[PDB]
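Content type compact mmCIF, C-alpha atoms and all ligand atoms, from the file coords.txt:
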```
# COMPACT_ATOMS: atom_id res chain seq x y z
CA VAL X 1 86.91 -111.98 52.60
CA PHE X 2 86.58 -110.68 56.14
CA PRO X 3 83.01 -109.93 57.26
CA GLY X 4 81.70 -106.41 56.82
CA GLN X 5 79.63 -104.21 54.54
CA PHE X 6 81.41 -103.04 51.38
CA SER X 7 80.62 -101.69 47.93
CA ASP X 8 79.13 -103.90 45.24
CA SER X 9 81.81 -103.03 42.67
CA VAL X 10 84.91 -102.82 44.89
CA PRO X 11 84.72 -105.45 47.69
CA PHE X 12 87.48 -103.95 49.87
CA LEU X 13 85.98 -100.43 49.91
CA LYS X 14 82.79 -99.47 51.72
CA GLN X 15 79.74 -98.01 50.03
CA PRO X 16 80.23 -94.24 49.62
CA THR X 17 78.22 -91.98 51.90
CA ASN X 18 76.39 -90.05 49.17
CA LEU X 19 76.01 -92.95 46.70
CA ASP X 20 72.74 -94.33 48.05
CA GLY X 21 71.85 -96.06 44.77
CA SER X 22 68.92 -93.94 43.57
CA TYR X 23 70.87 -92.67 40.56
CA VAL X 24 71.38 -94.99 37.60
CA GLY X 25 74.75 -96.58 36.93
CA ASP X 26 75.62 -96.50 40.64
CA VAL X 27 77.63 -99.58 41.58
CA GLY X 28 79.12 -97.82 44.62
CA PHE X 29 82.36 -96.93 42.80
CA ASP X 30 83.69 -93.73 44.35
CA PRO X 31 87.07 -94.54 45.91
CA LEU X 32 88.43 -90.99 46.26
CA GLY X 33 85.11 -89.65 47.56
CA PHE X 34 84.31 -87.01 44.95
CA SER X 35 80.65 -87.27 46.01
CA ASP X 36 81.66 -86.38 49.58
CA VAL X 37 83.27 -83.08 48.53
CA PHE X 38 80.85 -81.95 45.82
CA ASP X 39 77.15 -82.51 45.23
CA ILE X 40 76.04 -85.70 43.51
CA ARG X 41 73.65 -83.72 41.26
CA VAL X 42 76.36 -81.46 39.84
CA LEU X 43 78.66 -84.47 39.43
CA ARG X 44 75.94 -86.43 37.62
CA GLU X 45 75.24 -83.52 35.29
CA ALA X 46 78.96 -83.15 34.55
CA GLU X 47 79.23 -86.91 33.95
CA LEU X 48 76.26 -86.89 31.57
CA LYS X 49 77.57 -83.85 29.68
CA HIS X 50 81.04 -85.39 29.30
CA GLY X 51 79.52 -88.72 28.28
CA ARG X 52 77.18 -87.31 25.64
CA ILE X 53 79.98 -85.18 24.18
CA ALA X 54 82.17 -88.31 24.16
CA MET X 55 79.44 -90.34 22.42
CA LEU X 56 79.27 -87.79 19.62
CA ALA X 57 83.08 -87.59 19.64
CA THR X 58 83.50 -91.34 19.13
CA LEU X 59 80.89 -91.32 16.38
CA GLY X 60 82.73 -88.46 14.69
CA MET X 61 86.14 -90.09 15.10
CA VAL X 62 84.73 -93.15 13.32
CA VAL X 63 82.79 -91.36 10.58
CA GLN X 64 85.32 -88.67 9.62
CA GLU X 65 87.85 -91.39 8.79
CA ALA X 66 85.08 -93.51 7.25
CA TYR X 67 83.48 -90.72 5.19
CA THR X 68 84.43 -87.06 4.73
CA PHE X 69 81.98 -84.54 3.28
CA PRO X 70 82.33 -83.25 -0.30
CA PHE X 71 83.40 -79.93 1.21
CA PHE X 72 86.36 -79.41 3.58
CA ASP X 73 89.07 -81.91 2.55
CA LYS X 74 90.24 -85.48 3.07
CA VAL X 75 92.29 -85.25 6.27
CA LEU X 76 92.57 -87.09 9.58
CA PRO X 77 90.38 -85.66 12.37
CA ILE X 78 93.17 -84.72 14.81
CA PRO X 79 94.83 -82.37 12.26
CA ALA X 80 91.33 -81.54 11.01
CA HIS X 81 90.99 -79.76 14.35
CA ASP X 82 93.73 -77.36 13.25
CA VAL X 83 92.35 -77.22 9.70
CA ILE X 84 88.90 -76.11 10.88
CA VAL X 85 90.47 -73.74 13.42
CA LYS X 86 92.18 -72.06 10.47
CA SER X 87 88.99 -72.30 8.37
CA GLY X 88 86.77 -70.57 10.94
CA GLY X 89 84.02 -73.17 11.32
CA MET X 90 85.25 -74.41 14.69
CA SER X 91 84.87 -70.93 16.19
CA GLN X 92 81.24 -71.08 15.06
CA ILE X 93 80.89 -74.51 16.66
CA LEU X 94 82.29 -72.89 19.80
CA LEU X 95 79.80 -70.01 19.57
CA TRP X 96 76.75 -72.24 19.09
CA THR X 97 77.77 -74.68 21.83
CA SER X 98 78.38 -71.69 24.11
CA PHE X 99 74.89 -70.45 23.28
CA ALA X 100 73.50 -73.86 24.26
CA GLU X 101 75.59 -73.96 27.45
CA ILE X 102 74.27 -70.52 28.45
CA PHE X 103 70.89 -72.17 29.04
CA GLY X 104 72.66 -75.30 30.27
CA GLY X 105 74.19 -73.28 33.09
CA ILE X 106 70.79 -72.01 34.19
CA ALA X 107 69.57 -75.61 34.08
CA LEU X 108 72.54 -76.61 36.25
CA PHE X 109 71.82 -73.82 38.75
CA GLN X 110 68.20 -74.98 38.94
CA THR X 111 69.51 -78.52 39.48
CA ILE X 112 71.31 -77.34 42.62
CA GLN X 113 67.96 -75.95 43.78
CA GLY X 114 66.45 -79.38 43.12
CA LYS X 115 63.93 -78.34 40.46
CA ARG X 116 65.12 -80.65 37.66
CA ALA X 117 66.85 -84.00 37.51
CA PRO X 118 70.61 -83.86 36.81
CA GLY X 119 71.23 -84.05 33.08
CA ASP X 120 67.49 -83.99 32.34
CA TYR X 121 66.95 -81.39 29.62
CA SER X 122 63.52 -82.90 28.80
CA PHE X 123 64.67 -83.54 25.21
CA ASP X 124 62.61 -86.47 23.91
CA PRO X 125 61.12 -85.46 20.55
CA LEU X 126 60.62 -89.10 19.49
CA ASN X 127 59.08 -90.00 22.89
CA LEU X 128 61.16 -93.17 23.01
CA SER X 129 60.93 -93.35 26.81
CA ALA X 130 58.64 -90.42 27.67
CA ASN X 131 55.24 -92.10 28.10
CA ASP X 132 56.64 -95.27 29.72
CA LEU X 133 58.49 -95.06 33.03
CA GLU X 134 60.00 -98.56 33.18
CA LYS X 135 61.84 -97.97 29.90
CA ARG X 136 63.14 -94.62 31.19
CA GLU X 137 65.51 -96.01 33.83
CA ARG X 138 66.66 -98.81 31.51
CA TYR X 139 67.51 -96.21 28.87
CA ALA X 140 69.21 -94.10 31.56
CA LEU X 141 71.39 -97.06 32.57
CA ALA X 142 72.18 -97.73 28.91
CA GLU X 143 72.96 -94.04 28.34
CA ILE X 144 75.32 -93.82 31.30
CA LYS X 145 77.09 -97.07 30.36
CA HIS X 146 77.49 -95.82 26.79
CA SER X 147 78.72 -92.49 28.20
CA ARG X 148 81.51 -94.08 30.23
CA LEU X 149 82.37 -96.44 27.37
CA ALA X 150 82.48 -93.52 24.91
CA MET X 151 84.77 -91.45 27.14
CA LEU X 152 87.15 -94.40 27.45
CA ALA X 153 86.89 -95.13 23.73
CA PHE X 154 87.59 -91.58 22.56
CA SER X 155 90.59 -91.35 24.88
CA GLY X 156 91.83 -94.68 23.54
CA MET X 157 91.41 -93.70 19.89
CA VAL X 158 93.12 -90.33 20.39
CA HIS X 159 96.07 -91.82 22.27
CA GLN X 160 96.36 -94.58 19.66
CA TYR X 161 96.58 -91.95 16.92
CA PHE X 162 99.13 -89.98 18.96
CA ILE X 163 101.71 -92.80 18.88
CA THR X 164 100.63 -94.83 15.84
CA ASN X 165 99.90 -91.97 13.41
CA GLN X 166 97.21 -94.15 11.85
CA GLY X 167 93.45 -93.91 11.61
CA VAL X 168 91.17 -96.02 13.77
CA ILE X 169 89.87 -97.89 10.72
CA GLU X 170 93.47 -97.94 9.46
CA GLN X 171 94.76 -99.42 12.73
CA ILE X 172 92.21 -102.27 12.89
CA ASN X 173 93.18 -103.33 9.35
CA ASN X 174 96.92 -102.49 9.28
CA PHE X 175 97.84 -103.18 12.90
CA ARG X 176 101.52 -102.30 13.49
CA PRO X 177 103.26 -102.25 16.88
CA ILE X 178 104.69 -98.95 18.08
CA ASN X 179 108.28 -97.72 17.88
CA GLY X 180 109.40 -100.47 15.49
CA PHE X 181 109.34 -103.08 18.28
CA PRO X 182 108.94 -106.09 15.92
CA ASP X 183 112.68 -105.87 15.12
CA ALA X 184 114.00 -103.58 17.87
CA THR X 185 117.18 -104.18 19.87
CA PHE X 186 118.24 -102.51 23.14
CA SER X 187 114.97 -100.65 23.63
CA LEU K 1 56.50 -73.48 27.57
CA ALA K 2 59.40 -72.59 25.28
CA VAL K 3 62.10 -73.97 27.60
CA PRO K 4 60.79 -77.22 29.13
CA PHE K 5 63.81 -77.99 31.34
CA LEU K 6 63.58 -74.59 33.06
CA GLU K 7 60.80 -73.07 35.13
CA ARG K 8 58.39 -70.47 33.82
CA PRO K 9 59.76 -66.97 34.49
CA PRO K 10 57.95 -65.34 37.42
CA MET K 11 57.08 -62.11 35.58
CA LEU K 12 55.70 -63.75 32.40
CA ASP K 13 52.04 -64.30 33.20
CA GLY K 14 50.93 -64.36 29.56
CA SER K 15 49.23 -60.97 29.32
CA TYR K 16 51.39 -59.74 26.44
CA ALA K 17 51.23 -61.15 22.92
CA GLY K 18 53.81 -63.79 22.08
CA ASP K 19 54.54 -64.71 25.71
CA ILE K 20 55.44 -68.41 25.84
CA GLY K 21 57.56 -68.17 28.99
CA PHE K 22 60.86 -67.70 27.14
CA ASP K 23 63.28 -65.84 29.41
CA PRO K 24 66.00 -68.14 30.75
CA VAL K 25 68.44 -65.28 31.41
CA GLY K 26 65.72 -63.51 33.39
CA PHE K 27 65.46 -60.01 31.93
CA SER K 28 61.77 -60.07 32.88
CA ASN K 29 62.93 -59.84 36.47
CA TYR K 30 65.09 -56.92 37.63
CA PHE K 31 63.64 -54.69 34.89
CA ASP K 32 60.39 -53.12 33.67
CA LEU K 33 58.38 -55.50 31.50
CA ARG K 34 56.58 -52.61 29.79
CA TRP K 35 59.96 -51.08 28.91
CA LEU K 36 61.13 -54.39 27.45
CA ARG K 37 57.86 -54.83 25.52
CA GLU K 38 58.10 -51.36 23.98
CA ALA K 39 61.78 -51.96 23.17
CA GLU K 40 60.90 -55.28 21.51
CA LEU K 41 58.11 -53.66 19.48
CA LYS K 42 60.37 -50.76 18.47
CA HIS K 43 63.22 -53.04 17.37
CA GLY K 44 60.73 -55.25 15.55
CA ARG K 45 59.15 -52.33 13.69
CA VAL K 46 62.51 -50.78 12.79
CA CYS K 47 63.90 -54.06 11.43
CA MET K 48 60.51 -54.78 9.83
CA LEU K 49 60.76 -51.63 7.73
CA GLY K 50 64.50 -52.20 7.26
CA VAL K 51 64.04 -55.57 5.57
CA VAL K 52 61.64 -54.01 3.07
CA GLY K 53 64.11 -51.17 2.58
CA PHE K 54 66.90 -53.64 1.83
CA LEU K 55 64.59 -55.36 -0.66
CA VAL K 56 63.58 -52.09 -2.35
CA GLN K 57 67.03 -50.49 -2.58
CA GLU K 58 68.28 -53.26 -4.89
CA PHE K 59 65.90 -52.46 -7.77
CA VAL K 60 64.46 -49.02 -6.89
CA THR K 61 66.73 -46.00 -6.46
CA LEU K 62 65.61 -42.44 -5.85
CA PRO K 63 66.61 -40.09 -8.70
CA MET K 64 68.39 -37.67 -6.34
CA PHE K 65 70.99 -40.17 -5.10
CA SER K 66 73.37 -42.58 -6.84
CA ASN K 67 72.97 -46.27 -6.04
CA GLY K 68 75.83 -48.16 -4.42
CA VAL K 69 76.93 -51.75 -4.83
CA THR K 70 74.85 -52.89 -1.83
CA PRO K 71 72.06 -51.34 0.25
CA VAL K 72 74.58 -51.44 3.10
CA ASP K 73 76.87 -49.25 0.98
CA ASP K 74 73.86 -47.09 0.09
CA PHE K 75 74.41 -45.54 3.53
CA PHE K 76 77.82 -44.23 2.44
CA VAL K 77 77.16 -42.96 -1.09
CA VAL K 78 74.47 -40.54 0.15
CA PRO K 79 75.96 -37.32 1.58
CA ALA K 80 76.55 -36.82 5.28
CA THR K 81 74.19 -33.85 5.18
CA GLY K 82 70.67 -35.19 4.83
CA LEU K 83 71.63 -38.22 6.89
CA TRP K 84 71.47 -36.04 9.99
CA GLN K 85 68.15 -34.72 8.69
CA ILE K 86 66.87 -38.29 9.02
CA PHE K 87 68.50 -38.50 12.46
CA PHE K 88 66.79 -35.31 13.67
CA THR K 89 63.45 -36.26 12.11
CA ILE K 90 63.52 -39.59 13.96
CA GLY K 91 64.44 -37.70 17.12
CA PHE K 92 61.48 -35.36 16.67
CA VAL K 93 59.11 -38.27 16.01
CA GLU K 94 60.34 -40.19 19.06
CA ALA K 95 60.01 -37.03 21.17
CA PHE K 96 56.47 -36.09 20.08
CA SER K 97 55.04 -39.63 19.96
CA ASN K 98 56.37 -40.49 23.43
CA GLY K 99 55.07 -37.24 24.93
CA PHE K 100 58.57 -35.82 25.52
CA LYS K 101 59.20 -38.53 28.14
CA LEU K 102 62.30 -40.44 27.12
CA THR K 103 63.65 -42.28 30.19
CA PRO K 104 62.67 -45.53 31.95
CA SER K 105 61.51 -43.38 34.89
CA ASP K 106 59.10 -40.83 33.43
CA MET K 107 57.77 -43.08 30.66
CA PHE K 108 54.59 -45.05 31.36
CA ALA K 109 53.52 -42.24 33.67
CA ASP K 110 49.95 -42.58 32.39
CA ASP K 111 50.48 -46.37 32.12
CA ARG K 112 49.78 -46.56 28.40
CA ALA K 113 50.15 -49.80 26.49
CA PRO K 114 53.80 -50.57 25.59
CA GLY K 115 54.43 -49.87 21.93
CA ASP K 116 51.14 -47.95 21.62
CA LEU K 117 52.22 -44.58 20.21
CA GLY K 118 48.66 -43.66 19.22
CA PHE K 119 49.36 -44.18 15.50
CA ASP K 120 46.31 -45.82 13.90
CA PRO K 121 45.44 -43.55 10.95
CA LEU K 122 43.55 -46.21 8.99
CA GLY K 123 41.63 -47.46 12.03
CA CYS K 124 42.42 -51.15 11.56
CA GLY K 125 42.71 -51.90 15.28
CA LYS K 126 39.08 -51.62 16.42
CA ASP K 127 37.88 -55.16 17.20
CA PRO K 128 39.62 -56.31 20.41
CA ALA K 129 39.94 -59.96 19.33
CA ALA K 130 41.32 -58.83 15.98
CA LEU K 131 43.48 -56.39 17.94
CA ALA K 132 44.98 -59.25 19.97
CA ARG K 133 45.49 -61.36 16.85
CA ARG K 134 47.25 -58.44 15.15
CA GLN K 135 49.36 -57.89 18.27
CA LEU K 136 50.51 -61.51 18.09
CA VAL K 137 51.12 -61.23 14.34
CA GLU K 138 53.08 -57.98 14.75
CA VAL K 139 55.24 -59.31 17.58
CA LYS K 140 56.04 -62.60 15.83
CA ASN K 141 56.76 -60.80 12.55
CA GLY K 142 59.10 -58.44 14.38
CA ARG K 143 60.86 -61.37 16.05
CA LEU K 144 61.34 -62.88 12.59
CA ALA K 145 62.33 -59.59 10.93
CA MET K 146 65.03 -58.64 13.45
CA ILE K 147 66.81 -61.96 12.85
CA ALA K 148 66.26 -61.55 9.10
CA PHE K 149 67.75 -58.04 9.10
CA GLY K 150 70.73 -59.13 11.18
CA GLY K 151 71.31 -61.91 8.67
CA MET K 152 70.90 -59.92 5.46
CA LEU K 153 73.01 -56.94 6.56
CA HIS K 154 75.98 -59.22 7.26
CA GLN K 155 75.37 -61.19 4.07
CA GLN K 156 75.47 -57.97 2.04
CA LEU K 157 78.59 -56.86 3.93
CA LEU K 158 80.45 -60.14 3.43
CA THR K 159 79.50 -61.13 -0.13
CA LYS K 160 79.12 -57.58 -1.55
CA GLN K 161 75.91 -58.77 -3.22
CA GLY K 162 72.23 -58.00 -2.95
CA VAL K 163 70.05 -60.48 -1.09
CA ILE K 164 67.98 -61.48 -4.13
CA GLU K 165 71.18 -61.22 -6.17
CA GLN K 166 72.85 -63.55 -3.65
CA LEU K 167 69.93 -66.00 -3.75
CA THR K 168 70.17 -66.12 -7.56
CA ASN K 169 74.00 -66.34 -7.50
CA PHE K 170 74.70 -68.47 -4.43
CA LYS K 171 78.39 -69.16 -3.88
CA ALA K 172 80.79 -70.14 -1.12
CA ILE K 173 83.03 -67.67 0.69
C1 LIG M 201 66.60 -67.98 20.77
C2 LIG M 201 66.40 -68.78 19.49
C3 LIG M 201 64.91 -69.08 19.01
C4 LIG M 201 64.68 -70.33 18.33
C5 LIG M 201 65.90 -70.60 17.25
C6 LIG M 201 67.11 -70.77 17.87
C7 LIG M 201 67.10 -72.12 18.57
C8 LIG M 201 68.21 -70.80 16.75
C9 LIG M 201 67.50 -69.61 19.00
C10 LIG M 201 68.65 -68.72 18.46
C11 LIG M 201 68.42 -67.45 17.92
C12 LIG M 201 69.65 -66.58 17.39
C13 LIG M 201 71.03 -67.23 17.20
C14 LIG M 201 69.46 -65.24 17.12
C15 LIG M 201 70.63 -64.35 16.60
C16 LIG M 201 70.46 -62.98 16.57
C17 LIG M 201 71.60 -62.00 16.07
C18 LIG M 201 73.04 -62.52 15.88
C19 LIG M 201 71.30 -60.70 15.81
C20 LIG M 201 72.38 -59.69 15.31
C21 LIG M 201 72.00 -58.66 14.50
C22 LIG M 201 73.01 -57.64 13.97
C23 LIG M 201 72.57 -56.43 13.52
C24 LIG M 201 71.06 -56.12 13.56
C25 LIG M 201 73.58 -55.35 12.94
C26 LIG M 201 73.15 -54.06 12.70
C27 LIG M 201 74.12 -53.00 12.12
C28 LIG M 201 73.59 -51.85 11.61
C29 LIG M 201 72.07 -51.64 11.64
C30 LIG M 201 74.49 -50.76 11.01
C31 LIG M 201 75.63 -51.07 10.36
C32 LIG M 201 76.50 -49.93 9.75
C33 LIG M 201 75.84 -48.93 8.71
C34 LIG M 201 75.73 -49.35 7.21
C35 LIG M 201 75.84 -47.53 9.07
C36 LIG M 201 77.27 -47.06 9.78
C37 LIG M 201 77.62 -47.86 10.83
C38 LIG M 201 77.72 -49.46 10.41
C39 LIG M 201 77.99 -50.29 11.66
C40 LIG M 201 78.88 -49.62 9.44
```
Let's see the structure in the file written out as structure tokens.
Ligand SMILES: CC1=CCCC(C)(C)[C@H]1/C=C/C(C)=C/C=C/C(C)=C/C=C/C=C(C)/C=C/C=C(C)/C=C/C1=C(C)CCCC1(C)C
Amino acid sequence: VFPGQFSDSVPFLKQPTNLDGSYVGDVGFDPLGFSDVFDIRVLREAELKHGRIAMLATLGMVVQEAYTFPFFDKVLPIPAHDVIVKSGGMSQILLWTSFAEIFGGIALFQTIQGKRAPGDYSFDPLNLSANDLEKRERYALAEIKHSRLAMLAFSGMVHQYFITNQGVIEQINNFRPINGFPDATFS
Amino acid sequence: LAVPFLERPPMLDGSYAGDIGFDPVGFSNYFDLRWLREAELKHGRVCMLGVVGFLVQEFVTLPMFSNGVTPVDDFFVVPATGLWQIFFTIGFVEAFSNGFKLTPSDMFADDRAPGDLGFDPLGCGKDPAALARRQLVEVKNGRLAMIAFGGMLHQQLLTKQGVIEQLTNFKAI
């Protein structure tokens, strides 16, 4: 309300020092100043890695309840974590993702040197936005928005299962309030 | 370039066969590239003969020895004596072919080609373009055969079945 320069997202906080706006998805939202303590490139790579993992996590949390493979067994994903820990396949997932992150770490260390864009592994086999440059930043904005939405969504689904003990598809069709609150007294 | 999101390694110019700039962990630096090339060729050749040995030992057994359940267990059913004869014969071959130079320091004293032990009895490697093509073929086949050997040894250890026997009798663990 009072005159002064502030961030586009939060109107009572100023624009952060290291959020100039060159990176996609930047609405000037850094209240605690994480970009002032650590580099924006490392933070962007961490954000993209978390967001992509969360995208695949939300897709899995939907599909595993929607359709389970003929092998393994029909079980909810959260205890399926323990089931596949005891089965041995999750250790192999860990090994292969570690093998990918071995090269990912070298990519990150070259990102600090400023030789590659943060989160840019140059993986476009379908050339969906490789030849065209105007589509590239639009797809980057879409990817980062989907990344944040997927992180929020996976956290929501997990914490809904933790108190509801129902599947995500089960909860949107058999919606029950927690703790027996429909007919609860002195809660 | 094999790894597009990383730079080309500084020591991989492309002189050797099969060089596509694949060294993210950077063993090309801080080491001798000739040593690594000879090690790669030696591992490739050893696994390249080992895959054929694993294929042969399923159906063909020498009359002196008794065949085991797997070619992996063929190592145990043969006596301990005779095994060390193979060990010492390989030692003698690797001593005479390398010119009795066996360390990263004294090897490549004459700056010979890495992996070139002077063993061309049939004289196939005469045309230099064909020589380069056969270098590429040998290196890529070794890179395939080392992975193949590492796979088939563990498959025979885990399933207690031969590789062709496993492919004809595929089953879960
Ligand atoms: C880098 C790369 C290229 C493109 C594909 C891809 C993206 C997947 C990527 C990944 C490649 C990968 C995962 C390669 C994996 C290589 C691996 C795991 C190799 C391991 C090999 C293991 C081997 C030999 C074991 C040899 C053991 C031997 C002899 C002897 C065994 C025994 C005998 C019988 C005698 C007594 C002693 C003992 C131990 C009992």
Considering only C-alpha atoms, return as a short mmCIF file (atom, residue, chain, number, x, y, z; two decimals) with C-alpha atoms, in the coordinates of the input whatever protein or nucleic-acid residues lie within 12 Å of region 94-109 of chain K, sequence-local ones (same chain, fewer than 2 positions apart) excluded.
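Generated output (around-v5.cif):
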```
data_model
loop_
_atom_site.label_atom_id
_atom_site.label_comp_id
_atom_site.auth_asym_id
_atom_site.auth_seq_id
_atom_site.Cartn_x
_atom_site.Cartn_y
_atom_site.Cartn_z
CA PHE K 31 63.64 -54.69 34.89
CA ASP K 32 60.39 -53.12 33.67
CA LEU K 33 58.38 -55.50 31.50
CA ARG K 34 56.58 -52.61 29.79
CA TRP K 35 59.96 -51.08 28.91
CA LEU K 36 61.13 -54.39 27.45
CA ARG K 37 57.86 -54.83 25.52
CA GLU K 38 58.10 -51.36 23.98
CA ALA K 39 61.78 -51.96 23.17
CA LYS K 42 60.37 -50.76 18.47
CA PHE K 87 68.50 -38.50 12.46
CA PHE K 88 66.79 -35.31 13.67
CA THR K 89 63.45 -36.26 12.11
CA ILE K 90 63.52 -39.59 13.96
CA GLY K 91 64.44 -37.70 17.12
CA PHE K 92 61.48 -35.36 16.67
CA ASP K 111 50.48 -46.37 32.12
CA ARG K 112 49.78 -46.56 28.40
CA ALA K 113 50.15 -49.80 26.49
CA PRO K 114 53.80 -50.57 25.59
CA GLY K 115 54.43 -49.87 21.93
CA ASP K 116 51.14 -47.95 21.62
CA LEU K 117 52.22 -44.58 20.21
CA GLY K 118 48.66 -43.66 19.22
CA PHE K 119 49.36 -44.18 15.50
#
```
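With only C-alpha atoms as the basis for measurement, X:120 is the residue among X:132, X:73, X:120, X:183 that approaches chain K most closely.
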Practice prompt. May I have the residues within 12 Å of residue 3 (chain X) as JSON, numbers by chain, using only C-alpha atoms and disregarding those fewer than 5 positions away in the same chain?
Written response: {"X": [11, 12, 14]}
query: Once you count all atoms listed in the file, which residues of chain K turn out to be within 7 Å of chain X? Could you give them as number ranges by chain?
result: K: 4-6, 24
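Pairwise distance (atom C30 of ligand LIG 201 (chain M), CA of residue 84 (chain X)) equals 29.2 Å.
Shortest separation to ligand LIG 201 (chain M) among X:109, X:78, X:99, X:160 occurs at residue X:99, atoms counted being all atoms listed in the file.
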From CA of residue 28 (chain K) to CA of residue 11 (chain K) the spacing works out at 5.8 Å
Could region 75-87 of chain K be completed with N, CA, C and O atoms and written as a PDB file, in the frame of the given file, please?
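Ended up saving to part-v1.pdb:
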```pdb
ATOM      1  N   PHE K  75      74.269 -46.477   2.418  1.00  0.00           N
ATOM      2  CA  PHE K  75      74.410 -45.540   3.530  1.00  0.00           C
ATOM      3  C   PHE K  75      75.574 -44.584   3.315  1.00  0.00           C
ATOM      4  O   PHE K  75      75.536 -43.446   3.791  1.00  0.00           O
ATOM      5  N   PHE K  76      76.610 -45.025   2.602  1.00  0.00           N
ATOM      6  CA  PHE K  76      77.820 -44.230   2.440  1.00  0.00           C
ATOM      7  C   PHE K  76      77.787 -43.322   1.223  1.00  0.00           C
ATOM      8  O   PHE K  76      78.347 -42.221   1.266  1.00  0.00           O
ATOM      9  N   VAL K  77      77.147 -43.754   0.134  1.00  0.00           N
ATOM     10  CA  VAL K  77      77.160 -42.960  -1.090  1.00  0.00           C
ATOM     11  C   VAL K  77      76.258 -41.732  -0.992  1.00  0.00           C
ATOM     12  O   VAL K  77      76.456 -40.772  -1.746  1.00  0.00           O
ATOM     13  N   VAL K  78      75.276 -41.733  -0.096  1.00  0.00           N
ATOM     14  CA  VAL K  78      74.470 -40.540   0.150  1.00  0.00           C
ATOM     15  C   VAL K  78      75.304 -39.579   0.988  1.00  0.00           C
ATOM     16  O   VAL K  78      76.151 -40.023   1.778  1.00  0.00           O
ATOM     17  N   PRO K  79      75.122 -38.269   0.842  1.00  0.00           N
ATOM     18  CA  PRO K  79      75.960 -37.320   1.580  1.00  0.00           C
ATOM     19  C   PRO K  79      75.693 -37.351   3.072  1.00  0.00           C
ATOM     20  O   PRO K  79      74.627 -37.761   3.535  1.00  0.00           O
ATOM     21  N   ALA K  80      76.699 -36.907   3.833  1.00  0.00           N
ATOM     22  CA  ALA K  80      76.550 -36.820   5.280  1.00  0.00           C
ATOM     23  C   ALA K  80      75.433 -35.870   5.671  1.00  0.00           C
ATOM     24  O   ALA K  80      74.652 -36.159   6.586  1.00  0.00           O
ATOM     25  N   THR K  81      75.342 -34.726   4.999  1.00  0.00           N
ATOM     26  CA  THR K  81      74.190 -33.850   5.180  1.00  0.00           C
ATOM     27  C   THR K  81      72.969 -34.488   4.539  1.00  0.00           C
ATOM     28  O   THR K  81      73.037 -34.999   3.417  1.00  0.00           O
ATOM     29  N   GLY K  82      71.848 -34.466   5.254  1.00  0.00           N
ATOM     30  CA  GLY K  82      70.670 -35.190   4.830  1.00  0.00           C
ATOM     31  C   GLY K  82      70.503 -36.462   5.636  1.00  0.00           C
ATOM     32  O   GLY K  82      69.386 -36.854   5.984  1.00  0.00           O
ATOM     33  N   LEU K  83      71.627 -37.116   5.930  1.00  0.00           N
ATOM     34  CA  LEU K  83      71.630 -38.220   6.890  1.00  0.00           C
ATOM     35  C   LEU K  83      71.246 -37.731   8.277  1.00  0.00           C
ATOM     36  O   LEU K  83      70.408 -38.340   8.958  1.00  0.00           O
ATOM     37  N   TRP K  84      71.839 -36.618   8.709  1.00  0.00           N
ATOM     38  CA  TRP K  84      71.470 -36.040   9.990  1.00  0.00           C
ATOM     39  C   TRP K  84      70.078 -35.433   9.963  1.00  0.00           C
ATOM     40  O   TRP K  84      69.462 -35.287  11.021  1.00  0.00           O
ATOM     41  N   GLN K  85      69.557 -35.092   8.782  1.00  0.00           N
ATOM     42  CA  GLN K  85      68.150 -34.720   8.690  1.00  0.00           C
ATOM     43  C   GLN K  85      67.255 -35.890   9.074  1.00  0.00           C
ATOM     44  O   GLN K  85      66.270 -35.718   9.800  1.00  0.00           O
ATOM     45  N   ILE K  86      67.592 -37.092   8.602  1.00  0.00           N
ATOM     46  CA  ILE K  86      66.870 -38.290   9.020  1.00  0.00           C
ATOM     47  C   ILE K  86      67.037 -38.504  10.521  1.00  0.00           C
ATOM     48  O   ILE K  86      66.075 -38.840  11.226  1.00  0.00           O
ATOM     49  N   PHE K  87      68.260 -38.321  11.029  1.00  0.00           N
ATOM     50  CA  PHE K  87      68.500 -38.500  12.460  1.00  0.00           C
ATOM     51  C   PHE K  87      67.617 -37.565  13.289  1.00  0.00           C
ATOM     52  O   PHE K  87      66.950 -38.003  14.235  1.00  0.00           O
TER      53      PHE K  87
END
```
